[PDB]
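First up is the structure itself, then whatever we jot down about it.
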Amino acid sequence: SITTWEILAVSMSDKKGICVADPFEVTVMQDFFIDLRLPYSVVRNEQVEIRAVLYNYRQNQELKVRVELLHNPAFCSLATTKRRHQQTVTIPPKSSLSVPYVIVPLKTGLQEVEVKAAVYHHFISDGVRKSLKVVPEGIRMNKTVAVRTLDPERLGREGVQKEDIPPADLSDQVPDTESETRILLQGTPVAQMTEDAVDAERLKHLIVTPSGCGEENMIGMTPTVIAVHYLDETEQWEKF
Amino acid sequence: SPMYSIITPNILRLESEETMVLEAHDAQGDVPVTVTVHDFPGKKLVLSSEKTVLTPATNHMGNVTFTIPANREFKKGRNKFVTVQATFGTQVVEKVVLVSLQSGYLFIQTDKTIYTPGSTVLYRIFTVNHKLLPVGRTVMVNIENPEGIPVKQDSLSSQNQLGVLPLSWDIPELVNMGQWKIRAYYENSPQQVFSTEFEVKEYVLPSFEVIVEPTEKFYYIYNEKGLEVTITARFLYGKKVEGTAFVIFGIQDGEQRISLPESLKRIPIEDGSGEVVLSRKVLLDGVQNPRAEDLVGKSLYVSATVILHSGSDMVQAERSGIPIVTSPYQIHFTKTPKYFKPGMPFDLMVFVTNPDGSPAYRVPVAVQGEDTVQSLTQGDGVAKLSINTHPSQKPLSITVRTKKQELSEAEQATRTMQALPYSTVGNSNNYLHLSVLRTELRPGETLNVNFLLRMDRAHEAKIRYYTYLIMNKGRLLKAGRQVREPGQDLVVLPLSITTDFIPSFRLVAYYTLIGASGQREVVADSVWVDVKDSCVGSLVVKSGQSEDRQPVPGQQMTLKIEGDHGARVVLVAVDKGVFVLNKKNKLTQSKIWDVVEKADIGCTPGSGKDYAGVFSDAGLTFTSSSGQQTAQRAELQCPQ
Amino acid sequence: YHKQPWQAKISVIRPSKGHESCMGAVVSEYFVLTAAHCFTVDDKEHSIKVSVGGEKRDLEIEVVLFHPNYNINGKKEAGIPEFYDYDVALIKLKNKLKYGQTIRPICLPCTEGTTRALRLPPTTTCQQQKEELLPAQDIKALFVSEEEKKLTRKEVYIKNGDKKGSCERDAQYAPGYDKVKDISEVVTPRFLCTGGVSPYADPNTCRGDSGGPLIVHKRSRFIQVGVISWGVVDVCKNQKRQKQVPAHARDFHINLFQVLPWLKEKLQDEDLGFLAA
Amino acid sequence: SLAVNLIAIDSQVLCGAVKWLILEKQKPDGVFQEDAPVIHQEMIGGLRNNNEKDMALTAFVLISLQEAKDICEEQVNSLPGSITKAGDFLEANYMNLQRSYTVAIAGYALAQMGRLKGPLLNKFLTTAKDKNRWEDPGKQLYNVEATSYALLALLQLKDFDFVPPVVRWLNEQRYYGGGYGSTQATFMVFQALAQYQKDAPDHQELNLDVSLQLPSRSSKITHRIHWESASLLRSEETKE
Amino acid sequence: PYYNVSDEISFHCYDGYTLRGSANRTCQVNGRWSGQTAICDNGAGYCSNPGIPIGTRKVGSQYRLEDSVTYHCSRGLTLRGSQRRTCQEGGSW
Ligand SMILES: *[C@@H]1O[C@H](CO)[C@@H](O)[C@H](O)[C@H]1NC(C)=O
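Chains as they are written, first to last, in my numbering: chain A, 298 to 537; chain B, 64 to 703; chain C, 8 to 284; chain D, 66 to 305; chain E, 16 to 108.
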C-alpha cells in the first residue's frame with residue numbers, strides 16, 4: 298500500500314508499568330504507480346465502470362504508459378483470452394490520468410481485478426490486484442419465520458415442551474442463490490421478588506436508654522439492640 | 064492523658080495493600096500495637112492481622128500494610144464495609160472504613176476503529192491494579208451488538224501472561240451495522256465494567272484526507288468579518304490534492320441541527336488548499352431571531368467535501384462544536400479550594416481556558432478587590448493568585464476577571480466563587496496553611512512545601528513538629544515529620560518529586576497540642592498539586608534507517624524500539640486512511656491517567672470545614688484515643 | 008448394535024456389597040487401560056472381574072499396574088481428601104483376546120498405528136500428534152456412557168482453548184475442594200477439562216462411566232486421548248439424570264500425552280510401535 | 066449473643082448462663098422448666114398464655130442456646146448434647162400442637178437442626194392461614210411474634226417460595242415495635258426482616274435445557290441458559 | 016517477485032493465533048516447498064481453518080457448519096485437488 302503507516306507501541310513492564318508510545322508515522326510512496334479504486338460491492342450482470350488512476354509524481358518528466366486490463370472469465374470486458382484491451386497514453390509531469398474500464402460481473406462471490414502498466418524507454422512498471430464482492434441481483438430480505446416463547450411447566454408437559462417451526466417461504470427467491478436460517482436463543486429475567494425494608498425514619502423511637510431492675514433493664518435494652526441490628530443489615534443509617 | 068491516633072484511606076481496596084499510619088501523643092516507652100481487620104456487619108474474624116511496636120526513636124510512628132481478600136464472601140446493591148481495629152496495648156481504637164470491591168483498571172485496545180462485515184477484530188486487554196502494574200486476574204469479556212445485547216462472553220485469566228490478553232472476534236458477513244461494544248470487568252468486581260466501542264460498516268479507504276480548521280477556535284458574535292474556515296486537503300502519502308470543494312455551514316442547538324442552505328459555497332482547491340468565508344449576514348438570516356445575543360451559547364458546524372478532477376474519490380469532512388461566546392476565554396475555580404483561614408493568605412488556582420476547552424497561554428488575571436496583583440497564566444492554563452483574608456467569620460467571595468489587553472472589558476470573562484471559614488476546635492483560632500510555589504512540576508525536580516502557622520504564644524512552643532502525608536492514586540506514598548522550634552512561623556520542606564507522584568498528589572499536614580484547658584486540639588490542612596502527566600518509564604519508536612529518502616512498497620526497514628527493560632512491547636500498524644472515517648476511541652496515555660485521576664478517593668481541591676473534614680476531603684481517616692475521629696464515608700464515589 | 012469394541016466394563020466385589028462399577032478400554036491383546044481410583048492395594052485379583060464385548064462371562068485378570076506417581080492420599084496434609092493426579096492403570100489379562108466384531112483395540116497417542124489413522128507422514132513426531140489431536144481450541148470429543156443396560160455416545164468439548172481456565176477454576180465447587188488455597192494444585196497439567204455450558208451444553212460423566220475412554224472421532228477413526236477421572240457435581244444417582252445441572256458441573260480427565268513414558272514401558276511387548284521422542 | 070457483633074460480650078457471662086440452663090434447669094427429657102416466673106408477664110410475649118408451656122419454653126430456651134453455640138462451643142462442652150436432648154423432645158410432640166404460635170416457635174427451633182421434615186414440615190406450613198400468617202384468636206403481640214419465628218424458619222429451610230407471602234404480610238401490617246409488652250414482638254419482627262434482607266433471593270430458577278434438532282443434521286444442538294449467562298444471543302446458522 | 020532453488024521462507028501468525036504445520040519451508044528442486052502448509056487458525060469455527068496453500072487463493076473467512084471455501088491458482092498453474100471444500104458435520108472439510 299502507498300500511504301503512511303501509523304505504528305503504535307505499548308509497553309508492559311513488571312517494574313515501571315504500562316505506557317503507550319507516541320504514533321510513529323512511516324510514509325511509503327513511489328514515483329509512478331496505479332491507484333485502482335473499486336466499490337465495496339457490485340451487482341451481478343450489471344455493467345459498471347471502475348476507475349484506474351495512474352499517478353506521475355516525477356518533477357519534470359512526462360511518461361509514455363501502456364496500461365492494460367488482464368482477462369478474467371468472472372468479468373466481461375473488451376479483453377478476451379486472445380485479445381488484450383490496452384491503451385497507450387502520455388501522462389504529463391506532476392499529474393495523474395484516469396483510465397475508464399467497463400466490465401460486467403458474470404458470477405457472484407469475491408472476484409479479482411488486476412491492472413498493469415509500463416512506461417516507454419524506462420525501467421519502471423506497476424500493477425494492482427485488488428478484489429471486490431459481487432452481490433447477487435435482487436434485494437436483501439429477512440422473513441421472520443416465528444417468535445416462540447420458551448417456558449416449561451407453564452406451556453409444557455411432564456417438564457418438557459415441544460415447538461415445531463415450519464420452513465421459510467422463499468417463494469420469490471432469486472434463481473440460483475443461497476440462503477441461511479439464523480436460529481436464535483436467549484434467556485430473560487425473570488428477576489423479581491425481593492421486598493422493601495422498613496424505613497429507618499420509622500425507627501427513630503427504638504433508641505431507648507436501658508434502665509430498671511433485672512427485668513426492666515432488658516425491656517429497655519431490647520428496642521435499642523434489635524434496632525441497630527436491623528439498621529446494620531439494611532444499611533439505613535443514612536436516612537436515619 | 065495519652066492519645067492513640069490512626070489514619071487510613073477513606074475507601075479501602077481489595078486485593079491490594081493499604082497503608083495504615085499509627086501514632087501516639089504522647090506517652091513514653093514502648094507501646095505494642097495489634098491491628099486487626101474484621102468484616103461488617105458482624106465481627107467475623109479474621110481478614111488481616113498485623114503487629115508493630117512504637118519506639119520513641121521513630122517519634123512514635125507505625126507503618127503497617129495489610130492486604131484485604133478476596134474472599135468470595137463479598138458479593139448486589141448497597142455497599143460493603145470493614146471494621147478496622149487497632150489496639151494500643153489496652154486502649155482500643157476502632158473505625159469502620161468503606162470498601163471498594165474494585166480490583167484495578169482494564170484497558171481495551173482494538174487494532175482498528177472501524178471494521179467491514181467479514182473481517183476480524185483484533186483486540187487485547189490489559190489487566191493492571193490501582194498502581195498500573197501487570198497483575199494476574201480473572202476477567203469477564205462480553206461483546207454487545209449495536210442493540211446492546213451480548214453475543215459473546217468469555218472468562219480469561221491474565222495469570223502468567225504478564226497482564227496481556229490477546230483476543231479476536233470474527234465478524235460474520237451478515238451482521239448488523241452500527242456501533243458495537245466490547246465490555247470487560249474483573250470477576251471480583253462485576254460492578255466496575257470498562258468498555259470500548261468499534262464501528263461496523265461497509266466502507267472504502269479514501270486516497271486523501273480532508274481537514275477543516277477555522278481561523279479561530281471560536282466565533283465572536285459582533286465579528287463583522289464572519290467565520291473564516293480553512294480547507295486543507297492532501298493525499299495519505301503527503302502529496303497535495305487538486306480538486307474542488309463543497310462547503311456548507313449550520314447552527315447546532317441543544318442536540319439539534321438547523322442546516323443553513325444559504326451558506327453553500329464552491330471553492331476550488333488549488334495547490335492542496337482552499338479558503339471559504341461565512342458572511343455574518345447569512346448567519347443571522349439563518350435563525351428567525353433578530354437579536355444576535357440569542358445565538359450566544361450555541362455552536363456552528365462545517366461540512367466540506369473534496370472531489371478530485373478525475374472524479375475517482377470523494378471525501379467528506381466536518382468540524383462541529385464551534386463555541387459562539389462573547390469572551391475568547393473562560394474561568395474555572397475547580398482547582399481552587401472552597402475553604403479559607405480567617406486572617407491567613409488565601410491562594411487561588413485560576414484555571415483559564417479557551418472556548419473549546421484547550422488551556423490558555425499567558426493570560427493576565429486579577430481580582431476585583433486589589434489591583435496590580437496579577438499573574439500571567441502558565442502553559443497548563445493555570446494562574447497563581449493570593450488575596451488576603453480577614454479574621455472575620457464572614458463567607459469569602461472572590462470575583463476574578465481577565466485584564467487581557469487588546470480587548471474591551473465587555474468582551475472579557477468573569478467567574479465568582481465562595482469559600483467557607485475553617486471551624487476551629489474551641490474557637491482557639493489555631494489554623495494552618497500550606498502555600499506551594501505553583502510551577503509545572505516534573506519527575507526528578509524538587510518542591511518547596513511551606514508550613515504557615517497561626518496561633519497565640521500561649522501554646523506556640525508546644526508545636527515542635529508537623530505530620531505530612533503523601534496521597535497518590537488513592538494510597539499513602541510517604542509520611543514523615545517536619546521539625547519546628549518555637550519562634551518559627553514558616554518552615555520549608557525539601558520534597559523530592561519522583562515518578563510515583565504522577566499524575567497528581569495531595570499533601571496533608573497536621574499538628575497536635577494541649578490548648579485551652581487540658582483540651583486536645585487537632586488542626587490540619589490539605590493541598591492538591593498536579594505533576595506533568597507522562598509515562599512512568601519511557602517508550603520511543605523511531606526509524607532505524609539513516610534518514611535517506613522514503614521507503615518503497617515492498618521494502619525492508621529497521622524499526623528501532625527504545626523501551627524499558629524486561630518490558631513486553633505489543634505493536635500494531637494501521638493505515639492513516641482508517642482514521643479518516645473514524646479517529647475515536649484511540650488508546651492514549653492521556654486517557655490512561657484520565658481514568659486514574661477520576662478515581663481518587665479525594666474530592667475537595669484542598670482544606671475543609673474542620674479538622675475532621677480536611678482528612679475526609681483528602682482521602683484519610685484520622686482517629687485517636689482521645690475521641691477525635693474523622694467523618695464516616697458510606698458512598699464509594701464522591702458526593703454530587 | 009455394538010459400535011464400541013474397545014469399551015470395557017469393570018466390576019470390583021467388596022465386603023458387604025461394594026460392586027465398584029468402573030469402565031476401561033482394550034488397548035492390546037492383554038492390557039486394558041482404565042482409571043486407578045477404581046481399585047485399591049487391598050483389592051486382590053480374585054475380587055476383580057472385567058467383561059468385554061458384552062460377554063456374559065468374566066475374564067480373570069493377572070495383575071493391575073498402577074501409575075508410579077499415583078497417590079490419592081498424598082494431599083490430606085493440605086486438607087485435600089482427594090487427589091486424582093496420574094489417575095491411570097493397566098489391567099493385564101490372564102488370557103489372550105481374540106479380536107472380533109465386538110472386541111477391538113483403540114488407538115493410543117504417539118504410535119505408528121495412530122500416525123496412519125491421522126494420515127500423517129511416517130516422519131511425524133510425538134509432538135506433532137499432540138498438536139493435531141489436542142489443539143489450542145475447543146476440541147470436539149466424546150465418551151461412552153451406559154443408560155438402561157445400553158451403551159450410548161456422549162459428544163462433549165475439551166476446554167483446551169482460552170476457556171481452559173474457566174473450566175478448571177470450577178473445581179472449587181467440588182466436594183472437599185471448597186477450602187483449597189490454590190486451585191492449580193488440585194488440577195495438574197495431567198488433566199483435560201470438559202463439560203459445561205459453553206460453547207454447548209456437554210453431557211456429564213456418571214460414577215459408572217468412571218475410567219471411560221475420552222475419544223476424538225476424526226477421519227472415521229477413534230483415538231483415545233484421555234481417561235475419565237473425576238467430576239465436579241455428581242449428576243447420576245442410579246435414578247434419573249440431574250436435568251438441573253449447575254453451570255460449574257465440569258468433568259476432568261487424564262491426558263495420555265502426559266503419561267506416555269509409563270504407557271510406552273508397560274506396553275513395550277504389545278507391538279503398538281510407540282514413537283521415541 | 067446478638068449484641069456480640071456490636072459491643073464486647075464477656076464469654077464467661079454469656080456461656081455462664083448457657084451452662085446453667087443446661088446442667089441445672091434441664092430434665093433428662095430435655096425440657097426446660099420455669100421456677101421463678103418474671104414479674105413482667107408482658108415481656109415474655111407469647112408465653113404469657115400457657116396452653117403448651119412445655120413445648121413453648123423448651124423451644125424458646127433452645128433457640129437461645131443455638132444462637133450462642135458458635136461462641137460457647139469452646140467452653141461449654143455439654144452444649145451439643147443438650148441441644149440434641151431438647152430436639153428429640155420437640156420432634157416427638159410437634160405433631161400434637163394446637164396453637165399456631167407454639168408451632169412457629171418450635172418449628173424454627175427444629176429448623177435450625179434441619180429436623181423439620183415430613184409430617185412435621187407439612188404441619189408447620191399448613192398451620193399458616195392464607196399461607197402468610199400464623200395467627201391465633203386474640204391479641205396482636207402473639208400474632209406478629211409467631212409469624213416472625215415462622216419467617217426465620219422458612220429462611221432457615223431456604224424455602225423462598227413460601228417466604229414472599231409471609232414477609233409481605235408483616236410489612237403490610239406496619240408494626241414498628243415499641244410500647245407496652247412489645248419486648249418480644251419488637252426483637253423478633255426486626256430479627257426476621259433483617260435476616261430476610263440477607264437471605265433474600267433476586268429472581269427465579271433460570272435453567273433452560275433447550276435442545277433443537279434439524280432434519281439435515283445427525284446429532285442434536287443442546288444449550289443451557291443460566292442466570293449468569295442470560296440475555297445471550299446463541300445463534301445457529303443453516304444454509305438449508 | 017520469484018523464489019529460486021533452496022530459498023527459505025518463514026511464517027508467523029498474529030497475536031491470538033496458533034500456527035500449525037511447518038513454520039520454515041524451503042524451495043526444493045522439484046519446484047515445490049518443503050514441509051506442510053502453514054496455517055494460522057484461532058480456533059473459533061466449527062471446523063479448523065482450511066488455510067491457504069502456497070500459490071493458491073482462498074475465498075471465504077467463515078468456517079461454520081455447511082459453509083464453503085473456494086480456491087484459485089495463479090496464472091499458468093493447474094489447480095490440483097478440490098477447488099471447493101464444504102465444512103461437513105463432524106469437524107471436517
Ligand atoms: C431485517 O433486516 C433488515 C436489514 O438490516 C432490517 O432493516 C430489518 O430491521 C430487519 N428486521 C428484523 C426483524 O430485525
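Where is the CB? At the ideal position from N, CA and C, for every residue including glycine.
Check                                                                                                                                                                                                                           : Outcome
What do you reckon, are the CB atoms on residue 18 (chain B) and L77 (chain B) nearer than 7 Å?                                                                                                                                 : Outside the displayed range of chain B (64 to 703) lies residue 18 (chain B), so it cannot be described from this structure.
Given a cut-off of 7 Å on the beta-carbon distance, is the pair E80 (chain B) and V98 (chain B) in contact?                                                                                                                     : no
Is it buried or exposed for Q379 (chain B), if we count other Cβ within 10 angstroms and need 16 for buried?                                                                                                                    : exposed
With a threshold of 16 other CB atoms inside 10 Å of the CB of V442 (chain A), please say whether the residue is buried or exposed.                                                                                             : exposed
Distance, Cα to Cα, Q98 (chain D) vs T118 (chain B)?                                                                                                                                                                            : 58 Å
The beta strand (DSSP E) that contains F151 (chain B), what's its start and end?                                                                                                                                                : 143–151
Taking the alpha-carbon positions, what's the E155 (chain C) to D274 (chain D) distance?                                                                                                                                        : 22 Å
Counting Cβ pairs closer than 8 Å, one from the segment 81–100 of chain B and one from the segment 260–272 of chain B, do we hit at least three?                                                                                : no
Would you say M490 (chain A) lies against chain B (beta-carbon separation less than 7 Å)?                                                                                                                                       : no
What is the DSSP secondary structure of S205 (chain C), counted as helix, strand or coil?                                                                                                                                       : coil
What residues from chain D crowd round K250 (chain C), counting only those whose CB sits closer than 8 Å?                                                                                                                       : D274
So is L407 (chain A) in contact with chain E if we call contact Cβ pairs under 7 Å?                                                                                                                                             : yes
Looking at C-alpha atoms only, which residue of D:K204, D:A174, D:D226, D:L297 is the closest neighbour of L155 (chain D)?                                                                                                      : D:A174
Tell me, please, which residues DSSP counts as bridged to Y300 (chain B).                                                                                                                                                       : Its beta-bridge partners do not exist; DSSP assigns none.
Judging by CA-CA distance, which residue of B:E660, B:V388, B:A120 is the nearest neighbour of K361 (chain B)?                                                                                                                  : B:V388
Suppose contacts are defined by Cβ-Cβ distances below 7 Å. Is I385 (chain B) in contact with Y283 (chain B) by that definition?                                                                                                 : no
Any heavy atom of ligand 1 inside 6 Å of the beta-carbon of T478 (chain A)?                                                                                                                                                     : no
Tell me which residues pass a beta-carbon proximity test against ligand 1: closer than 7 Å to any heavy atom, given in chain order.                                                                                             : A:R437, A:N439, A:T441, B:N239
Nearest-angstrom Cα distance between residue 710 (chain B) and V339 (chain B)?                                                                                                                                                  : The first residue shown for chain B is 64 and the last is 703, placing residue 710 (chain B) beyond what the model contains.
Does the beta-carbon of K138 (chain B) have 16 or more other beta-carbons within 10 angstroms, so that it is buried, or is it exposed?                                                                                          : exposed
Does the CB of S283 (chain D) have a neighbour CB from chain A at under 7 Å?                                                                                                                                                    : no
One question on the structure: do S460 (chain B) and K672 (chain B) come within less than 7 Å of each other, judged by their Cβ atoms?                                                                                          : no
Buried or exposed, going by whether 16 or more other CB atoms sit within 10 Å of the CB of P702 (chain B)?                                                                                                                      : exposed
With distances taken between CB atoms, is the gap from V156 (chain B) to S688 (chain B) smaller than 7 Å?                                                                                                                       : yes
For the alpha helix (DSSP H) that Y527 (chain A) lies in, which residues bound it at each end?                                                                                                                                  : 513–531
Nearest by alpha-carbon distance to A218 (chain D): which of D:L79, D:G203, D:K118, D:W199 is it?                                                                                                                               : D:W199
Suppose you measure from the CA of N262 (chain C) to the CA of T149 (chain D); what does that come to, to the nearest Å?                                                                                                        : 49 Å
Give a yes or no on whether the minimum CB-CB distance between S220 (chain B) and chain C is below 7 Å.                                                                                                                         : yes
Using only the alpha-carbon positions, how far apart do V304 (chain B) and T385 (chain A) sit?                                                                                                                                  : 25 Å
Using 8 Å as the cut-off, can you tell me whether the segment 425–440 of chain A makes contact with the segment 334–344 of chain A, which would need three or more C-beta pairs spanning the two stretches below that distance? : yes
Reducing DSSP to helix, strand and coil, say where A494 (chain A) ends up.                                                                                                                                                      : coil
Taking any Cβ of chain C, which residues in the segment 56–78 of chain E have a Cβ under 7 Å from it, in chain order?                                                                                                           : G58
Using a Cβ-Cβ cut-off of less than 8 Å, give me the residues of the segment 221–242 of chain B that come near chain C, in sequence order.                                                                                       : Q222, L230
In the DSSP assignment, what are the bridge partners of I321 (chain B)?                                                                                                                                                         : B:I314
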